[PDB]
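Participant:
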Amino acid sequence: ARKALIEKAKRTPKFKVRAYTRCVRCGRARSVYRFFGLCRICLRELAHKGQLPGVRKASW
Amino acid sequence: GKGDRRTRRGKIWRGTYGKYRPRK
Amino acid sequence: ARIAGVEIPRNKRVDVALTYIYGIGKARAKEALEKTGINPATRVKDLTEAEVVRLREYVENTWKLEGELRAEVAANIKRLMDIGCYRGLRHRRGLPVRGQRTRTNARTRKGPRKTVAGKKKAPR
Amino acid sequence: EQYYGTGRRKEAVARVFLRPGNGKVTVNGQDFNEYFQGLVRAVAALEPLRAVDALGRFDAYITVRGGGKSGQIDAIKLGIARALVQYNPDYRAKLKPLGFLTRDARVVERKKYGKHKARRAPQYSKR
Amino acid sequence: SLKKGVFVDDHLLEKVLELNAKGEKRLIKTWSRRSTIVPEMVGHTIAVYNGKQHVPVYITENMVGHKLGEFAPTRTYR
Amino acid sequence: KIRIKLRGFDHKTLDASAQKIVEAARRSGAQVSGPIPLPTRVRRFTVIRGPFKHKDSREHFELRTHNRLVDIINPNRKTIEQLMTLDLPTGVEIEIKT
Amino acid sequence: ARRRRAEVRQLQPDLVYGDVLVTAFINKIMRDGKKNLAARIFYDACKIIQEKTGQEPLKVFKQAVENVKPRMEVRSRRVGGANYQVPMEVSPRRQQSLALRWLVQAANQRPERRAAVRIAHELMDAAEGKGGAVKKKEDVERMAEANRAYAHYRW
RNA sequence: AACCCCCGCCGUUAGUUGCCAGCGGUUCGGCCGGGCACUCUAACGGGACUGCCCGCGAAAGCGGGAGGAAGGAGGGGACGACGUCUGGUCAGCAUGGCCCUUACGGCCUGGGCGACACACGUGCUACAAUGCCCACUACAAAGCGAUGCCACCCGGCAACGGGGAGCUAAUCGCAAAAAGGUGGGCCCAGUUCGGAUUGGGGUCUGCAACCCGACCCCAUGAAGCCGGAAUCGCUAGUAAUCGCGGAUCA
RNA sequence: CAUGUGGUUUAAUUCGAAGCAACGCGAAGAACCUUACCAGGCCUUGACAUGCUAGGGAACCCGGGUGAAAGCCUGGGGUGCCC
Numbered sequence: 002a003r004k005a006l007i008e009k010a011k012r013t014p015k016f017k018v019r020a021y022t023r024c025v026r027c028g029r030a031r032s033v034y035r036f037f038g039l040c041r042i043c044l045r046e047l048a049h050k051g052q053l054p055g056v057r058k059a060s061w
Numbered sequence: 002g003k004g005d006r007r008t009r010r011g012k013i014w015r016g017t018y019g020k021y022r023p024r025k
Numbered sequence: 002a003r004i005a006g007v008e009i010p011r012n013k014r015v016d017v018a019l020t021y022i023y024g025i026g027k028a029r030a031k032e033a034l035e036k037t038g039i040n041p042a043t044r045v046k047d048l049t050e051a052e053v054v055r056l057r058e059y060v061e062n063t064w065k066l067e068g069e070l071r072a073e074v075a076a077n078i079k080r081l082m083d084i085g086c087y088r089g090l091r092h093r094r095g096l097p098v099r100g101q102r103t104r105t106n107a108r109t110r111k112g113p114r115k116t117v118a119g120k121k122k123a124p125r
Numbered sequence: 002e003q004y005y006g007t008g009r010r011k012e013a014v015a016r017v018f019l020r021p022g023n024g025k026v027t028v029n030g031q032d033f034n035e036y037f038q039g040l041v042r043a044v045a046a047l048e049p050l051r052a053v054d055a056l057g058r059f060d061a062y063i064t065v066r067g068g069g070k071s072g073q074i075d076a077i078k079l080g081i082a083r084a085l086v087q088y089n090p091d092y093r094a095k096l097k098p099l100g101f102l103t104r105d106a107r108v109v110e111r112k113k114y115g116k117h118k119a120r121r122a123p124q125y126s127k128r
Numbered sequence: 004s005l006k007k008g009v010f011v012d013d014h015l016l017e018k019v020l021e022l023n024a025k026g027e028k029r030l031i032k033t034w035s036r037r038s039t040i041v042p043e044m045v046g047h048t049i050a051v052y053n054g055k056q057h058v059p060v061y062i063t064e065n066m067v068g069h070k071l072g073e074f075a076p077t078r079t080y081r
Numbered sequence: 003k004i005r006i007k008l009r010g011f012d013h014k015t016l017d018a019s020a021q022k023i024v025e026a027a028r029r030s031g032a033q034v035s036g037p038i039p040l041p042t043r044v045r046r047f048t049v050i051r052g053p054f055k056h057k058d059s060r061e062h063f064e065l066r067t068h069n070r071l072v073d074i075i076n077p078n079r080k081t082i083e084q085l086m087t088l089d090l091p092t093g094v095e096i097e098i099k100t
Numbered sequence: 002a003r004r005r006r007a008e009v010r011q012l013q014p015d016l017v018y019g020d021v022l023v024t025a026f027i028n029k030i031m032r033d034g035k036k037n038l039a040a041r042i043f044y045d046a047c048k049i050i051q052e053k054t055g056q057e058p059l060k061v062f063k064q065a066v067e068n069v070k071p072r073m074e075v076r077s078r079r080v081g082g083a084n085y086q087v088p089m090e091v092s093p094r095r096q097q098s099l100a101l102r103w104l105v106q107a108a109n110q111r112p113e114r115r116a117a118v119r120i121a122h123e124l125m126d127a128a129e130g131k132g133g134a135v136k137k138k139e140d141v142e143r144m145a146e147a148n149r150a151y152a153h154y155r156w
C-alpha cells in the first residue's frame, strides 16, 4: 500500500479529520512542512541546489 | 509544587489558567 | 472539638482543622467559615460553645462526610460489578481504571514488585 | 548645560544625562532607590563617581531599557563614566585604571543541537 | 463528554424502534460500540463486535449511560 | 501623501529598487523621505540530516524577508507619470497606499 | 589540565565592606544562582552579631575563618600494590577555600530553623574556638602526624 | 589555517520606532504641533598587522609593558582529509536480482499498535524553612499570526461561552515572562511538605473520545524523611536555577 | 509517574535500530485517517500510468433502495462542435 495511498491522500472522502498531509516529491507521510509542501529530505536535497529562492545556509 | 494543579505554579507549569490562577 | 463522627483536631487554625474530616478539603472549608461567619485565623484552642455548634450544624446538616460518604463510594464500585463495564474489571483485577501504561509503572495500584523471572543467552 | 554617555550590557541599554546640582537621580521617571529597591547591590552603579571625588556635584537624568535589572545596573555604570571622560580628558587617570571604561562582551551563548543547554551533554548509558 | 447530543448511531435505533413496536425478540448484530445504551432499551440483547466476534450482551436498567463497547472486551486474560 | 512598500529576499536588489524611486521621483516635484529600513522577518527550518536514524547530528536553514519604506510628500503629475508606469521588479515586490 | 597552570579567577569586592574575602563567603552560601537571597542572609547574620556581642561582625568572621584553616591534610597516593594516605602541607589559597566551605556546611547541620541564625551562631562559635567546623579542622590534622610514618612520600 | 555568517567599539547613508534631549500647548497617554540630537532599525564602511617598546633567541617565535571597545586563534558558528566499521538505510526515494498476480494487489467497517507476573535505558514531580501558600508590584529575547492571533465587554466558581474593535502586521494581537521585590499566613509535622490513586460533576475539538484525548471544579490525599553495589554532566556568562517562543498540528 | 526497549501475552499486540556509534531513536503529533498487523464484508485491467479493439456512452448533474460502511441494485436534468 504505497501507490494506492498517495492517491488516497489527494481525494477528500467523508469527515475532513481524515485529510492527512503527504510530501510532493517523496510519498512521505511523516515530517511534512506547510510552507514548502515537502519532506525533510526532499527539502534538504533542493536547498543545496538553489531550487528554493533565498533559502540559505544558516549560521548564528 | 509544579504538579499540584490546584496552585499558581501548578497552572503556570501546565500552561493553563482557571480558578486558582486568574485569567489575565 | 468533636464535629463529624469521632473526628477531633486542636491547636491549629480552624480552616485547617476542619480538613482532618473525610469529605472536607481546603475549599469546602473556607466556604463553611463564611456561611457561619467565623474568623479562620482563630485556633480550635479558643472559640464559643455555640460557634462550634453553629459550625457543626452547617457542616453535618449539609453535605456528607465520613462513614456514609466512604460507604457510597464503595457501593458505587460494587455496582460496577454490573454486566461488567471495562471499568468494573480493573476493580476486580485491581488494575488502573483510566487508560494507562501497565507494562512499566502502575505500582500505586499493584502492591510491590513480584520479581518472578527468567531469560538467557546461548552459554557456549 | 549637560553631559552625555551611552551604556549597554547584555541585551540591556542605558542613556546617561547629567546636570551640575545637589545629588538626586531619577530613572524611567522614578527615584533610583525605588526602581532598584531590595536589590541590595544596585547601589554599585554610582562607584565611577566616587573615584573622581564628585558625587555631591551632579543630578543625573537616566533612561534604561531592556534585558534584566542587574545587567541594567552595569550599563548605567558604563554611561555615567563615559559622560564625564568627555567633559574632562584629564579624567582618564581614574577610568582606565579601573574597569569602568570597557563594555562586558560576555553574553548568553547559543543552545546547540544534541545537547540540553549549549554545553550540558545528555546522560550516558552503555547498558 | 459530548454535552449537546447523545451521539448514538441510527442504524441501531431503526432496528430498536421498529422492534419497540410490540417488543420482539432480539438477535441484533452491530458494529456501533461507539454508541450509547438508551433509556428503557431493557430486554433487548445486542451482539457486539469487539474486533473478532459478536459478543451476545444482554441488557438491564442499571446499565444505561455506558456504551456498547464498554461491555465487549477487545482483549483476552490480563 | 503616498506610502510605498519594497519587500524581497535579496537586499542588494531591494536597496537598488529603493534608491531608484527617489532620484527618479524628487526631480518629479515635491520631495521624498529616503529609503527607511524595516525589521527583517526570519523563518527557521531545522531537520535531521540522515534519512534513517541519527536523531542527534543534524542541519538547519532560514528564509529572511527584508523590508523598506518610502514616503513622497505630494502627488505631482510628473511623479505619478513615471512611477505609475515604470515597474521593473526583478525579484522585488511592491505595495502602494495613500 | 595539562599545559598551563590554570587561572586564579579574580573577585570583585563587597559593596558594604569592600572585602573580596566576603564575596567569596557569600558565593558559598548561594543556591541555584540566587545571589540576592545569599548576601541577605550574610548580613542578617552580621546583625545577630551586634545584638549578642558588641564586636564588629567584620572582625568576628575574620577570626572565625582563620581558626578553621587546616595547616595539613591527607592525599592518597600509589606506591605499588598499596595505596597510602600521605600527609602534607596546604596551599594558602586551598586553606581559604576549605575553611569557607566547612563553615557553610557546619552551619547547615545545626538545628536552628531559620538560616542566618545558624550562620551567625556558627561564626560566633568558630571565633570563640569550638564549632562543627573546628572539629573538622582538628580531625583532619589528627590524620596527619598519625600517618607521619609515610610523610617521606611528599609528592 | 585564510576567504563566508552571529556577538562585541566607532563612522556614513536613511527617518510614522525613538526623543521636554530644548522652548511649545498636554483631557498628563511622546497624546499633540514640532524635531533626527539620543535609542533602535538595516545597509555600506573603518578598526588589529605581535605594526610600538623592553627582555630571551641564529631564525621561527616565547615572556613582559603602553595605547585600545578589543590583541597574541578576541567569544561563539558553518566547514570535517586518504580511508575504517561487508557500519546504517530496499520502510523517504532511486535500483540489479528473486518471488506473488479474482491475490503476497485494492476498498471499507471494527480491533491492534495503548496488552502486564516481570526486566533495563532516557526523563518529569518531589521528600521541604536558602521552604510551601495568598494579595500587590517590577525588568526580557527570539519568534508567530485571515474561515489566524483576538483587544474590550457581558455571563459562568472556572474550563469555557455569547457579543465584537484593531490586523496583510516595528502602527493591532499571542502577552502575564518567571525567579525576583514587598507584606500577610504556616512553625518542623508525613505537615498548609508531596501530588499518585479512585468516586462524583462539567467544558472544548471532532461524524465519533468504551477500549484510547486535553482541560476545569468538589471530594479522596498513595509511595516517598535524600536513595545497595554501581554510574552521568560541566572549566565562565559555563554548571546550577527560572520562565518565553517555534516546527508537527482539528 | 511520563516515555523507548527485553520478555511474556495475544486473533493481532506491524516492521526496523543492538557496546561506545540501538533504547524521548525512523516517529517535528497512532481515537477512524495514519497504518505496513488481525477478525469480519466486498472489488477485479484494478485506487494510479501508457496504448489498441468494439456497439452503446461519447463532457455532465440530481436523487431511490440495501447495507455497519465499502459495495451492489436504481429514478431524472441531456451536450456550446469540424459541419
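Residue numbers (the deposited numbering), protein chains in the order written: chain AN, 2 to 61; chain AW, 2 to 25; chain AM, 2 to 125; chain AI, 2 to 128; chain AT, 4 to 81; chain AJ, 3 to 100; chain AG, 2 to 156. Backbone N, C-alpha and C fix where the C-beta goes; we use that ideal spot for every residue, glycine too.
Beta carbons nearer than 9 Å to chain AN: which residues of the region 66-95 of chain AJ have them?
Facilitator: Going along the region 66-95 of chain AJ in chain order, one finds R66, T67, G93 with a Cβ nearer than 9 Å to chain AN.
Participant: With 7 Å as the C-beta to C-beta threshold (strictly closer), list the residues of the region 45-67 of chain AJ near chain AI in chain order.
Facilitator: Closer than 7 Å at the C-beta level to chain AI, one finds these residues of the region 45-67 of chain AJ: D58, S59, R60.
Participant: What residues in the region 31-46 of chain AG have a beta carbon less than 9 Å from any beta carbon of chain AI?
Facilitator: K36, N37, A40, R41, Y44
Participant: Are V87/AG and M144/AG close, meaning C-beta to C-beta below 7 Å?
Facilitator: no
Participant: Work out the CA separation of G52/AJ and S32/AN for me, nearest whole Å.
Facilitator: 13 Å
Participant: Which residues in chain AT sit within 8 Å of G85/AM, going by Cβ to Cβ distance?
Facilitator: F74
Participant: Kindly indicate which residue of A43/AI, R42/AI, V17/AI, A76/AI has the alpha-carbon position closest to the one of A106/AI.
Facilitator: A76/AI
Participant: For a contact defined as C-beta to C-beta under 7 Å, what are the partners of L16/AG on chain AI?
Facilitator: Under the 7 Å cutoff, chain AI gives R42, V44, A45.
Participant: Do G82/AG and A107/AG come within 7 Å of each other at the CB atom, strictly closer than that value?
Facilitator: no
Participant: Enumerate in chain order the residues of its own chain whose CB-to-CB distance from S77/AG is below 6 Å, with the five nearest sequence positions on each side excluded.
Facilitator: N84, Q86, listed in sequence order.
Participant: When DSSP labels each residue in this structure, what does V34/AJ get in the three-state scheme?
Facilitator: strand
Participant: What separation, rounded to the nearest whole angstrom, lies between the Cα atoms of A147/AG and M73/AG?
Facilitator: 12 Å
Participant: Could you tell me whether the region 93-106 of chain AM touches the region 50-60 of chain AI, using the rule of 3 or more Cβ pairs below 8 Å?
Facilitator: no
Participant: At the 7 Å Cβ level, is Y125/AI part of the contact set with chain AJ, yes or no?
Facilitator: no
Participant: Can you give me the C-alpha to C-alpha distance between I23/AJ and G36/AJ, rounded to a whole angstrom?
Facilitator: 9 Å
Participant: I want to know whether the region 73-91 of chain AI touches the region 108-125 of chain AM - three or more CB-CB distances under 8 Å.
Facilitator: no
Participant: Do you know how far the Cα of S126/AI is from the Cα of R111/AI?
Facilitator: 26 Å
Participant: Nearest-angstrom Cα distance between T64/AI and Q3/AI?
Facilitator: 15 Å
Participant: Suppose contacts are defined by Cβ-Cβ distances below 7 Å. Is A61/AI in contact with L19/AI by that definition?
Facilitator: Less than 7 Å separates the beta-carbon of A61/AI from that of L19/AI.
Participant: Could you pull out every residue in the same chain whose Cβ sits closer than 8 Å to the Cβ of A25/AG, ignoring the five residues on either side in sequence?
Facilitator: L12, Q97, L101
Participant: Can the beta-carbon of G10/AJ be found less than 7 Å from the beta-carbon of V72/AJ?
Facilitator: no
Participant: Is the region 36-48 of chain AJ close to the region 46-66 of chain AT, with three or more CB pairs under 8 Å?
Facilitator: no
Participant: Please tell me whether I42/AG and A117/AG are closer than 7 Å, where the distance is taken between their beta carbons.
Facilitator: yes
Participant: For a test of the three-state rule: what should DSSP assign to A50/AT, helix, strand or coil?
Facilitator: strand
Participant: Whose C-alpha, out of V17/AI, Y36/AI, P49/AI, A45/AI, is nearest the C-alpha of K95/AI?
Facilitator: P49/AI
Participant: Among the candidates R94/AM, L70/AM, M82/AM, whose CA atom is the shortest distance from the CA of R81/AT?
Facilitator: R94/AM
Participant: For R94/AM, would you say it is in contact with chain AT, using Cβ-to-Cβ distances shorter than 7 Å as the test?
Facilitator: Output row for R94/AM: interface = yes.
Participant: Count the other CB atoms, across all protein chains shown, that sit within 10 Å of the CB of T39/AT; report buried if there are 16 or more and exposed otherwise.
Facilitator: Burial call: buried.
Participant: For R110/AM, I'd like the list of residues in its chain whose CB is within less than 7 Å of its CB, leaving aside the five on either flank, ordered along the chain.
Facilitator: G95, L96, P97
Participant: What alpha helix (DSSP H) runs, 4 residues minimum, are completely inside the region 5-48 of chain AI?
Facilitator: 33-36
Participant: Could you work out which residue in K138/AG, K63/AG, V69/AG, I120/AG is closest to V21/AG when comparing CA atoms only?
Facilitator: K63/AG
Participant: Just the C-alpha distance for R5/AG and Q38/AI, rounded to the nearest angstrom, thanks.
Facilitator: 44 Å
Participant: In chain AJ, what lies closer than 9 Å to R26/AN by C-beta?
Facilitator: What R26/AN touches in chain AJ: nothing, since even the nearest Cβ is about 13 Å away.
Participant: What are the start and end residues of the beta strand (DSSP E) that includes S77/AG?
Facilitator: Element bounds for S77/AG: 73-79.
Participant: Pick helix, strand or coil for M66/AT, following the three-state DSSP scheme.
Facilitator: coil
Participant: Starting from the C-beta of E67/AG, find all residues in its chain whose C-beta is less than 6 Å away, skip the five residues before and the five after it, and write them out in chain order.
Facilitator: none
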